[PDB]
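Please read the structure below before turning to the comments.
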Amino acid sequence: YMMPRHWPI
Amino acid sequence: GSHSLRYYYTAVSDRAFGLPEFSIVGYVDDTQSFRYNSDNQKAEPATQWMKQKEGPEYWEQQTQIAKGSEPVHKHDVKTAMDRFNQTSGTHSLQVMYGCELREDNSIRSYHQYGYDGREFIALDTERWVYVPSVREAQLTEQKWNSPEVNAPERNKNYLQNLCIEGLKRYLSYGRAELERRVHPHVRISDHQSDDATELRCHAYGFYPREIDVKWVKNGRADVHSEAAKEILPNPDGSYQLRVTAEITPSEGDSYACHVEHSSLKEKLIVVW
Amino acid sequence: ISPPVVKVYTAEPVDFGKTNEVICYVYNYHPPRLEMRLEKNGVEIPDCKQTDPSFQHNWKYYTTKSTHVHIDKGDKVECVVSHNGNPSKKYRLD
């Protein structure tokens, strides 16, 4: 499974 | 010994021929396994042994994660440029993360952003906080590390669980084909002449990637001559290597190519 | 900017008379913008097939292109590669 999203930087 | 699942994101500010604006590939330990890109937004297996193993359920789950990460990344490449004062030019952002399972029950992980071919910001694995490489990733460092966002504790829960859960599962599906030993054909040749002679030592068709091939004179290691370990890949599992050696100034006498691979005992090939 | 390292080769040893799995492996380049094609005596290759550009832990992309093509004696086989939009460079099989 791959990582959900992450925040915009 | 160890085995790894790991994902590679590449995102670019203007597309080009071949490149979509965003795309993903994930390796399971040497094989390429997963694939996605922003033209026709779908997550695909990339190797036979992933086909027909997980249901339609999974995959649409994955396609949605990917379709969600796509816009936040096209966005980040435009933001990064801003911290550096760039208006013209194409620019890239790169993401890497992955877990490694090993040893007994040992877990290792990493997660890193790269803006152009330079590391931007990255996660400390024991301390669990993002440490920037650059001034311009200080404003990111603070957003992510903050209590309200707490990205270290989120990704920690993925890196120590889902990643390995999914690793363990994909290792199962590709069990028959990942350890699978296939071993080298070898074909010596010796280009040209004049004073000394060349001697190529071509090994090919093997798996895993690791080997050792020297030229041995009677019972002593011979000479460098250029390149060094350029183990090249074939478009299956298989791999390939060629070692050269400028030799016979004039004296002659019994040269030989010593292959040493994980499918063997030794293997030794004679002259001509 | 990091220019490409181009390697061009046969899966098995080269055998004149029959088809051949012609390969070229380009790696250690950045940025990822990259054109690439096999030819035979200038004639481009009617067979295509290219793996996806990923990158290494150093952040430097790699990719390969493969073909089954018939080879006689003489006739040059070549892998033409361009990085950014810079003029193509030609690399001979051996």
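Letters for chains follow the order of the structure tokens (A, B, ...), residue numbers begin at 1 for each chain, and ligand numbers begin at 1 in the order shown.
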
**Request:** For residue 172 (chain B), list every protein, DNA or RNA residue within 12 Å, evaluated using only C-alpha atoms, and leave out those in the same chain fewer than 2 positions away; present the list as a VMD selection string.
**Result:** chain B and resid 3 28 49 to 50 53 to 54 165 to 170 174 to 179

**Request:** Find the residues near residue 7 (chain C): any atom within 10 Å, counting only C-alpha atoms, skip ones fewer than 2 places away on the same chain, and give them as number ranges by chain.
**Result:** B: 230, 232; C: 4-5, 9, 23-27, 64, 79, 91-93

Selection above as a file: C-alpha atoms, as a CSV table (one decimal), in the first residue's frame:
```csv
chain,number,residue,atom,x,y,z
B,230,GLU,CA,29.3,-2.3,-14.7
B,232,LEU,CA,24.1,-4.2,-16.7
C,4,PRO,CA,23.8,10.8,-19.1
C,5,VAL,CA,25.8,7.6,-19.1
C,9,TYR,CA,24.4,-3.9,-25.8
C,23,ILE,CA,19.5,-2.9,-25.4
C,24,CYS,CA,20.5,0.5,-24.3
C,25,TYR,CA,20.6,1.6,-20.7
C,26,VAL,CA,20.8,5.3,-19.8
C,27,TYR,CA,21.4,6.3,-16.3
C,64,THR,CA,16.2,1.2,-20.8
C,79,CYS,CA,21.3,4.3,-30.0
C,91,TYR,CA,26.2,5.4,-29.5
C,92,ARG,CA,27.3,2.3,-31.4
C,93,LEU,CA,26.7,-1.3,-30.4
```

**Message:** With only C-alpha atoms as the counted atoms, please give the residues lying no more than 8 Å from residue 67 (chain C), apart from itself and same-chain residues fewer than 5 positions off, as a PyMOL selection string.
**Reply:** chain C and resi 20-23+45+47-49

**Prompt:** For chain B against chain A, which residues fall within 9 Å using only C-alpha atoms, given as number ranges by chain?
**Reply:** B: 6-7, 26, 58, 61-62, 65-66, 68-70, 72-73, 75-76, 79-80, 97, 137, 139-141, 143-144, 149, 151, 155, 158-159, 162-163, 165-167

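Near chain B, within 8 Å and counting only C-alpha atoms, the residues of chain C are residues 1, 11, 12, 13, 23, 25, 30, 31, 33, 34, 35, 52, 54, 55, 58, 59, 60 and 66 of chain C.
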
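Using only C-alpha atoms, the shortest contact distance between residue 107 (chain B) and any of B:156, B:132, B:251, B:164 is found at B:164.
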
**Asked** For the atom pair CA of residue 148 (chain B) and CA of residue 130 (chain B), what is the interatomic distance in Å to one decimal place?
**Response** 14.8 Å

**Complete:** re CA of residue 71 (chain B) and CA of residue 13 (chain B): distance 11.6 Å

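Using only C-alpha atoms, the contacts of residue 88 (chain C) at a cut-off of 9 Å, with sequence neighbours closer than 4 positions omitted, comprise residues 35, 36, 80, 81, 82 and 83 of chain C.
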
If you keep C-alpha atoms, can you produce a file of those selected residues as a compact mmCIF listing (two decimals), in the first residue's frame?
```
# COMPACT_ATOMS: atom_id res chain seq x y z
CA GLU C 35 14.47 11.40 -25.78
CA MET C 36 15.88 8.04 -26.94
CA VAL C 80 20.56 8.03 -30.37
CA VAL C 81 19.96 9.92 -27.04
CA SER C 82 19.00 13.50 -26.13
CA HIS C 83 18.90 15.04 -22.66
```

**Item:** Distance of CA of residue 228 (chain B) from CA of residue 180 (chain B), expressed in Å to one decimal place
**Value:** 26.5 Å

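Among the candidates B:215, B:207, B:128, B:84, the one nearest to residue 263 (chain B) when counting only C-alpha atoms is B:207.
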
**Request:** Name the residues of region 37-271 of chain B that come out as strand (DSSP E) in a backbone DSSP run; write them as an MDAnalysis selection string.
**Result:** chainID B and resid 37 44:45 92:102 106:115 118:123 130:132 185:189 200:206 211:217 232:233 239:244 255:261 268:270

**Request:** Do a neighbour search on residue 38 (chain B) at 9 Å with only C-alpha atoms, toss out local chain neighbours closer than 2 positions, and write the hits as an MDAnalysis selection string.
**Result:** chainID B and resid 20:23 36 40:42 66:67 70
